[PDB]
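Novice: My questions all concern the structure below.
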Amino acid sequence: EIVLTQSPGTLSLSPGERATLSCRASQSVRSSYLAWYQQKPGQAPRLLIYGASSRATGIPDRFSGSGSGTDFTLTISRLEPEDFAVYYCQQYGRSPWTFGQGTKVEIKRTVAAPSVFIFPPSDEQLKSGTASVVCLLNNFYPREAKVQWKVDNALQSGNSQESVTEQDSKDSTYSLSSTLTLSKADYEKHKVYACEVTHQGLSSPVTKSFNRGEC
Amino acid sequence: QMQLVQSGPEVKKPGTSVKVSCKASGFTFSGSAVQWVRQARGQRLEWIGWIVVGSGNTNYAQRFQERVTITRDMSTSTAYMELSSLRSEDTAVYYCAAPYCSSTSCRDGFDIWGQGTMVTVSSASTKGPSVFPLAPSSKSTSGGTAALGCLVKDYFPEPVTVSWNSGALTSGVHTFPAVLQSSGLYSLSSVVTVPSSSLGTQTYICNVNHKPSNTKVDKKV
Amino acid sequence: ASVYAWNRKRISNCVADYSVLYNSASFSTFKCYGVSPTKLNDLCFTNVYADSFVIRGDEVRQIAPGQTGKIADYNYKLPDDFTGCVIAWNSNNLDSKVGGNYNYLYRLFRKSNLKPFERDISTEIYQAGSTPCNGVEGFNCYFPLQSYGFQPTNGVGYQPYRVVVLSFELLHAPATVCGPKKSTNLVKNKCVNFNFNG
């Protein structure tokens, strides 16, 4: 019954500058009834501001909510390098209580270093009758990263999933572990294997390849 | 101390039913209220409903308007959430939250949150893991920095703990998130970046541990 | 009435036949504080107030001076120097019917504890938070009355009971509310030891 859009989708402040996340309501709400939480990866969210203006217990002095009649904003006075996480709005109108889309603030200061790597299917796996190929783009930046898969010099359709890491502390960079698997006979069908990436700092894909019977 | 102690993880089946409980301790539970929320692995949060501990009045979301029943026990200070006609597309983590309310007056926000229980629902029974090598391609990858790793494929259920050289090799390790296959079994890869001069010199072994099957597998890469 | 509106009928102007009613063959509980239950016929008072309500059998034990719980805190608190009797008997034959009985209410929330013998019948929305409820029902704005789930096929624990509390009060009064005086037939023409009316 109440819609809580949350923009901007993501934010990139080096730790310490002054930030604002924003959520909005399309109906009537009692201004003390919208609260903010942050959730670190793997943990339950903690209460930060209730009443849209009152800090809960233990929260730093550095934050303060704004909370208009239906126009809501949480001022960040600074990022203390912990605070890079997601945040959520939640309303208590007599209608069903909803949650926002969730906004994530990422850390920058990360040299984009995408090294495209390959790992051929093993011998006992081919024995097993299925196929798996691994393509690892390590220690790269930013979140934008797309990899397509070159086979037979034409694009093949589905049959590939994705898995990415969250920002490691030191390098701040990302890594994607994309596995392209295949069937049995069609694995013994095509000769040319590849994985290629389109990147912001890497304009030209490596498009690394190898052959059947050679590695 | 203000806290909730919540239930344990479970594995459930399509068409079954589950009941989750979380106890309250450290505050006057007789006057507070409890709401239940669920969240998939990295999605927008989802609200279920809430119940007043004292009266017992409830409230449910329109999606779950019919197939959820929330109960409570005043005697032992425990709240139960029951899900009926469960399906495989509800695998998520369930949190129960309640405000700190102590006998005089109490907060307008849900301060206390449980640790959350993960409820897993798959037709796959108990697969067990299988480690595999990632041949460091000495033709191209054995230059400066070189990477090898292990492939943990088709295991059920989570989690699998992977470490290298019995915990000695910790820098440069990348444990990747588990992936759910269409077969119902989980899968993740663990790689490591090492100097090419020591890729052949030092032997690299990964210790893949899957507690549900108690499987301990080491593999030469 | 519901226990939150306990009814006070000032019984008086009449012969106080207590030890007459005593053996009604129905009373589960009959506790008399400060006066002998079988000699109450001889110990008589100025005014007797019969405070009647209906509670569930698990809650009767709270109805005693100095007791604590839910009934004695937010519905009806007996005085700590109470001198009187308490009467209660099972009444499930009457006050429950198929489908339940939801015409009985009892207060569930209150800011401050009832001072002994205080009646409160407000319908205001209880505010357990820190913001004005401004006459608006919702979170932190609760209605204070919860009904009773009276069903004839429960156990005795939730099974309805009727309760009457006779509060014997005594002032500097002629105290007409007293039990019957027995009489013996007239025997004449013998040296007897009489006691006529006075």
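All residue names refer to the structure tokens as shown: chains lettered A, B, ... in order, residues numbered from 1 in each chain, ligands numbered from 1 in order.
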Excluding residue A:56 and any residue of its chain fewer than 4 positions from it, enumerate the residues within 10 Å of it, using only C-alpha atoms, and give them as an MDAnalysis selection string.
Specialist: (chainID A and resid 46:51 60) or (chainID B and resid 107 109 111)
Novice: Would you save the residues of that selection, restricted to N, CA, C and O atoms, as a PDB file, in the first residue's frame?
Specialist:
ATOM      1  N   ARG A  46      21.103  -3.570  11.994  1.00  0.00           N
ATOM      2  CA  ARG A  46      21.051  -2.902  13.281  1.00  0.00           C
ATOM      3  C   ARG A  46      20.285  -1.599  13.134  1.00  0.00           C
ATOM      4  O   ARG A  46      20.338  -0.956  12.084  1.00  0.00           O
ATOM      5  N   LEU A  47      19.571  -1.218  14.187  1.00  0.00           N
ATOM      6  CA  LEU A  47      18.821   0.028  14.161  1.00  0.00           C
ATOM      7  C   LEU A  47      19.761   1.215  14.300  1.00  0.00           C
ATOM      8  O   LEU A  47      20.634   1.240  15.170  1.00  0.00           O
ATOM      9  N   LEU A  48      19.567   2.213  13.445  1.00  0.00           N
ATOM     10  CA  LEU A  48      20.395   3.409  13.433  1.00  0.00           C
ATOM     11  C   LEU A  48      19.617   4.636  13.882  1.00  0.00           C
ATOM     12  O   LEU A  48      20.015   5.313  14.833  1.00  0.00           O
ATOM     13  N   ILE A  49      18.511   4.940  13.211  1.00  0.00           N
ATOM     14  CA  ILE A  49      17.692   6.110  13.492  1.00  0.00           C
ATOM     15  C   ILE A  49      16.240   5.673  13.522  1.00  0.00           C
ATOM     16  O   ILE A  49      15.750   5.082  12.556  1.00  0.00           O
ATOM     17  N   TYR A  50      15.549   5.965  14.616  1.00  0.00           N
ATOM     18  CA  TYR A  50      14.110   5.778  14.686  1.00  0.00           C
ATOM     19  C   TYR A  50      13.461   7.131  14.916  1.00  0.00           C
ATOM     20  O   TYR A  50      14.036   8.011  15.562  1.00  0.00           O
ATOM     21  N   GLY A  51      12.266   7.299  14.362  1.00  0.00           N
ATOM     22  CA  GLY A  51      11.652   8.607  14.354  1.00  0.00           C
ATOM     23  C   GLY A  51      12.180   9.534  13.288  1.00  0.00           C
ATOM     24  O   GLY A  51      11.762  10.694  13.232  1.00  0.00           O
ATOM     25  N   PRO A  60      27.020   6.620  16.451  1.00  0.00           N
ATOM     26  CA  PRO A  60      27.895   7.789  16.554  1.00  0.00           C
ATOM     27  C   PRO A  60      27.114   9.081  16.458  1.00  0.00           C
ATOM     28  O   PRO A  60      25.983   9.137  15.980  1.00  0.00           O
TER      29      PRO A  60
ATOM     30  N   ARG B 107      10.260   1.896  23.242  1.00  0.00           N
ATOM     31  CA  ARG B 107      10.801   2.609  22.102  1.00  0.00           C
ATOM     32  C   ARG B 107       9.894   2.475  20.887  1.00  0.00           C
ATOM     33  O   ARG B 107       9.133   1.516  20.742  1.00  0.00           O
ATOM     34  N   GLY B 109      10.939   1.908  17.929  1.00  0.00           N
ATOM     35  CA  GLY B 109      11.676   1.221  16.888  1.00  0.00           C
ATOM     36  C   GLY B 109      12.124  -0.146  17.344  1.00  0.00           C
ATOM     37  O   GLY B 109      12.383  -0.377  18.529  1.00  0.00           O
ATOM     38  N   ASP B 111      14.590  -2.284  18.103  1.00  0.00           N
ATOM     39  CA  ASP B 111      16.010  -2.249  18.415  1.00  0.00           C
ATOM     40  C   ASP B 111      16.655  -3.629  18.410  1.00  0.00           C
ATOM     41  O   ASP B 111      17.787  -3.776  17.941  1.00  0.00           O
TER      42      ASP B 111
END
Novice: List the spatial neighbours of stretch 47-64 of chain B as a PDB file with C-alpha atoms, in the first residue's frame - criterion: any atom at most 7 Å away, only C-alpha atoms, same-chain residues fewer than 6 positions off excluded.
Specialist:
ATOM      1  CA  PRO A  96       1.290  -3.121   5.705  1.00  0.00           C
ATOM      2  CA  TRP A  97       4.841  -2.165   6.658  1.00  0.00           C
ATOM      3  CA  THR A  98       7.305  -2.355   3.771  1.00  0.00           C
TER       4      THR A  98
ATOM      5  CA  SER B  30       5.168  -8.963  28.401  1.00  0.00           C
ATOM      6  CA  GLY B  31       4.575  -5.574  26.776  1.00  0.00           C
ATOM      7  CA  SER B  32       6.633  -5.548  23.586  1.00  0.00           C
ATOM      8  CA  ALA B  33       5.651  -6.722  20.090  1.00  0.00           C
ATOM      9  CA  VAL B  34       7.373  -8.979  17.565  1.00  0.00           C
ATOM     10  CA  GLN B  35       7.565  -8.841  13.773  1.00  0.00           C
ATOM     11  CA  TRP B  36       9.006 -11.389  11.358  1.00  0.00           C
ATOM     12  CA  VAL B  37      11.053 -10.565   8.259  1.00  0.00           C
ATOM     13  CA  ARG B  38      12.677 -12.788   5.662  1.00  0.00           C
ATOM     14  CA  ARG B  72       3.291 -16.782  21.023  1.00  0.00           C
TER      15      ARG B  72
ATOM     16  CA  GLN C 146      -9.353  -8.108  25.609  1.00  0.00           C
TER      17      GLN C 146
END
Novice: Kindly assemble as a tab-separated table a list of the chain C residues that lie within 10 Å of chain A, each paired with its nearest atom pair and their distance in Å to one decimal, using only C-alpha atoms, sorted first by chain and then by ascending residue number.
Specialist:
residue	atom	partner	partner_atom	distance
C:131	CA	A:32	CA	8.6
C:136	CA	A:94	CA	9.5
C:137	CA	A:94	CA	8.2
C:138	CA	A:94	CA	6.1
C:139	CA	A:92	CA	7.4
Novice: Excluding stretch 160-164 of chain A and any residue of its chain fewer than 3 positions from it, enumerate the residues within 10 Å of it, using only C-alpha atoms, and give them as a PyMOL selection string.
Specialist: (chain A and resi 132-133+136-138+143+145+147-149+156-157+167+174-182) or (chain B and resi 176-181+188-189)
Novice: Please determine, counting only C-alpha atoms, which residue among C:38, C:185, C:113, C:193 has the shortest atom-to-atom distance to residue C:72.
Specialist: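 Under the stated criterion, the closest residue is C:113.
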Novice: Using only C-alpha atoms, which of C:174, C:37, C:84, C:132 sits nearest chain B?
Specialist: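 Of C:174, C:37, C:84, C:132, the one nearest chain B, counting only C-alpha atoms, is C:132.
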Novice: Give me, please, the distance in Å between atom CA of residue B:18 and atom CA of residue B:95, quoted to one decimal.
Specialist: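 Straight-line distance from atom CA of residue B:18 to atom CA of residue B:95 works out to 14.6 Å.
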Novice: Pull out every residue of chain C sitting within 10 Å of chain B, counting only C-alpha atoms, and send them as an mmCIF file with N, CA and C atoms, in the first residue's frame.
Specialist:
data_model
loop_
_atom_site.group_PDB
_atom_site.id
_atom_site.type_symbol
_atom_site.label_atom_id
_atom_site.label_comp_id
_atom_site.auth_asym_id
_atom_site.auth_seq_id
_atom_site.Cartn_x
_atom_site.Cartn_y
_atom_site.Cartn_z
ATOM 1 N N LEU C 108 -6.590 -4.892 30.071
ATOM 2 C CA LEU C 108 -5.298 -5.529 29.866
ATOM 3 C C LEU C 108 -4.117 -4.584 30.013
ATOM 4 N N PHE C 109 -4.307 -3.288 29.794
ATOM 5 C CA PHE C 109 -3.236 -2.308 29.871
ATOM 6 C C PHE C 109 -3.657 -1.177 30.791
ATOM 7 N N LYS C 111 -1.701 2.497 32.821
ATOM 8 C CA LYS C 111 -0.514 3.250 33.198
ATOM 9 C C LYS C 111 -0.142 3.017 34.658
ATOM 10 N N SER C 112 -1.109 3.136 35.566
ATOM 11 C CA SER C 112 -0.836 3.081 36.996
ATOM 12 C C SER C 112 -1.763 2.066 37.648
ATOM 13 N N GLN C 127 -1.100 4.041 25.480
ATOM 14 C CA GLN C 127 0.084 4.546 24.786
ATOM 15 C C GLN C 127 1.335 4.033 25.487
ATOM 16 N N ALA C 128 1.957 3.011 24.910
ATOM 17 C CA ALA C 128 3.123 2.414 25.543
ATOM 18 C C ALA C 128 4.428 2.977 25.004
ATOM 19 N N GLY C 129 4.367 3.948 24.101
ATOM 20 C CA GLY C 129 5.574 4.455 23.479
ATOM 21 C C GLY C 129 6.064 5.774 24.034
ATOM 22 N N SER C 130 6.188 6.782 23.163
ATOM 23 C CA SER C 130 6.675 8.119 23.600
ATOM 24 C C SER C 130 6.076 9.216 22.713
ATOM 25 N N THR C 131 5.038 8.893 21.938
ATOM 26 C CA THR C 131 4.452 9.864 21.019
ATOM 27 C C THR C 131 2.944 9.914 21.229
ATOM 28 N N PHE C 139 0.396 0.812 15.866
ATOM 29 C CA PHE C 139 1.584 0.453 16.623
ATOM 30 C C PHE C 139 1.771 1.430 17.770
ATOM 31 N N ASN C 140 2.065 0.904 18.970
ATOM 32 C CA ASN C 140 2.274 1.733 20.195
ATOM 33 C C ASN C 140 0.973 2.437 20.608
ATOM 34 N N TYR C 142 -2.684 0.961 21.571
ATOM 35 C CA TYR C 142 -3.359 -0.313 21.736
ATOM 36 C C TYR C 142 -4.733 -0.101 22.352
ATOM 37 N N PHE C 143 -5.692 -0.911 21.931
ATOM 38 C CA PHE C 143 -6.925 -0.917 22.704
ATOM 39 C C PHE C 143 -6.736 -1.757 23.965
ATOM 40 N N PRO C 144 -7.294 -1.330 25.103
ATOM 41 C CA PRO C 144 -6.937 -1.964 26.376
ATOM 42 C C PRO C 144 -7.832 -3.118 26.791
ATOM 43 N N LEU C 145 -8.904 -3.408 26.062
ATOM 44 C CA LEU C 145 -9.852 -4.439 26.459
ATOM 45 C C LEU C 145 -9.674 -5.682 25.600
ATOM 46 N N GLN C 146 -9.452 -6.812 26.255
ATOM 47 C CA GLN C 146 -9.353 -8.108 25.609
ATOM 48 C C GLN C 146 -10.516 -8.974 26.063
ATOM 49 N N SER C 147 -11.178 -9.624 25.119
ATOM 50 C CA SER C 147 -12.318 -10.445 25.483
ATOM 51 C C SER C 147 -11.864 -11.737 26.154
#
Novice: Measuring atom to atom with only C-alpha atoms, identify which of A:77, A:214, A:12, A:37 is nearest to residue A:142.
Specialist: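 Closest to residue A:142 of all the choices is A:12.
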Novice: Just the helix (DSSP H, G or I) stuff from stretch 9-204 of chain A, please, per backbone DSSP, written as a short mmCIF file (atom, residue, chain, number, x, y, z; two decimals) with N, CA, C and O atoms, in the first residue's frame.
Specialist:
data_model
loop_
_atom_site.label_atom_id
_atom_site.label_comp_id
_atom_site.auth_asym_id
_atom_site.auth_seq_id
_atom_site.Cartn_x
_atom_site.Cartn_y
_atom_site.Cartn_z
N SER A 31 5.61 11.08 10.64
CA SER A 31 7.03 11.24 10.32
C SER A 31 7.95 10.51 11.27
O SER A 31 9.09 10.21 10.91
N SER A 32 7.50 10.21 12.48
CA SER A 32 8.33 9.45 13.39
C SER A 32 8.35 7.97 13.06
O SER A 32 9.00 7.20 13.78
N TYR A 33 7.62 7.55 12.03
CA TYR A 33 7.43 6.10 11.78
C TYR A 33 8.29 5.57 10.63
O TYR A 33 7.88 4.57 10.03
N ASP A 123 40.65 -34.33 -16.54
CA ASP A 123 40.51 -35.63 -17.19
C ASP A 123 39.40 -36.48 -16.56
O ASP A 123 38.60 -37.11 -17.26
N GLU A 124 39.34 -36.52 -15.23
CA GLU A 124 38.32 -37.32 -14.58
C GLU A 124 36.93 -36.70 -14.73
O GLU A 124 35.93 -37.41 -14.66
N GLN A 125 36.86 -35.38 -14.92
CA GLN A 125 35.56 -34.76 -15.19
C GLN A 125 35.02 -35.14 -16.56
O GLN A 125 33.85 -35.52 -16.67
N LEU A 126 35.87 -35.03 -17.58
CA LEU A 126 35.46 -35.49 -18.94
C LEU A 126 35.04 -36.94 -18.77
O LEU A 126 34.04 -37.33 -19.40
N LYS A 127 35.78 -37.70 -17.97
CA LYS A 127 35.32 -39.05 -17.67
C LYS A 127 33.88 -39.02 -17.17
O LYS A 127 33.05 -39.83 -17.59
N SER A 128 33.55 -38.05 -16.31
CA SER A 128 32.24 -37.99 -15.69
C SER A 128 31.13 -37.63 -16.66
O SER A 128 29.96 -37.68 -16.28
#
